[PDB]
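Shown here is one chain on its own, the form solved without the named molecule, set out as structure tokens.
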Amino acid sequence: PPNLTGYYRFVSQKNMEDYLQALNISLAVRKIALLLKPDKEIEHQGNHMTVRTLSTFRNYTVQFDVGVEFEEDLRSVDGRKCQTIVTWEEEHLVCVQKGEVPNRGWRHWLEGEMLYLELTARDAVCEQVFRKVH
């Protein structure tokens, strides 16, 4: 990852169900999601990032400064709110969303033109993969 900027196209996933069920999301909504093919769009200007998640149901956006804790507004997702902190170590991005649910956060890392991602909530682990295109 030079500068994580770009657009990344969906490639594959697994266990979305487990993750969305650990966040207690309804059935009517967590079987729409299993058929989605979301893409990632990223703006990156030396310490500050804008990460967008795009799909045909609804899109989700979040802004932050890495290394500075912020209150994240997740009502578009599960209805909650967290005090998120993002860092860069071991050569990959780590985010822990402190709040009501334990083990809530995620991890991003690169290799080639591939954008890997891991989602966590309680004991549930979710994996997704994207391909940079712009």
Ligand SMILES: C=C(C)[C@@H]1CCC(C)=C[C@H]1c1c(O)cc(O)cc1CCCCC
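Start at 1 and count along the sequence shown; that's the residue number.
We do not show the form solved in complex with the named molecule, though everything after this point is about it.
K.L.:
Decide yes or no: are 68, 82 and 85 jointly within 4.5 Å of the named molecule in the deposited bound form, with each residue judged by its heavy atoms?
P.N.:
Checked in the deposited bound form: no contact with the named molecule for any of the three.
K.L.:
Although the partner isn't part of this model, could you tell me whether residue 11 comes within 4.5 Å of the named molecule in the deposited bound form, counting any heavy atom of the residue?
P.N.:
Heavy-atom contact with the named molecule at 4.5 Å: absent for residue 11.
K.L.:
Answer for residue 74 alone: is it within 4.5 Å of the named molecule in the deposited bound form, judged on heavy atom distances?
P.N.:
Looking in the deposited bound form, residue contacts with the named molecule include residue 74, since a heavy atom lies within 4.5 Å.
K.L.:
Answer with yes or no whether residue 94 is in contact with the named molecule in the deposited bound form, where contact means some heavy atom within 4.5 Å.
P.N.:
The answer is no: residue 94 has no heavy atom within 4.5 Å of the named molecule.
K.L.:
May I ask you to state whether residue 125 is within 4.5 Å of the named molecule in the deposited bound form, using heavy atom distances?
P.N.:
No, residue 125 is distant from the partner.
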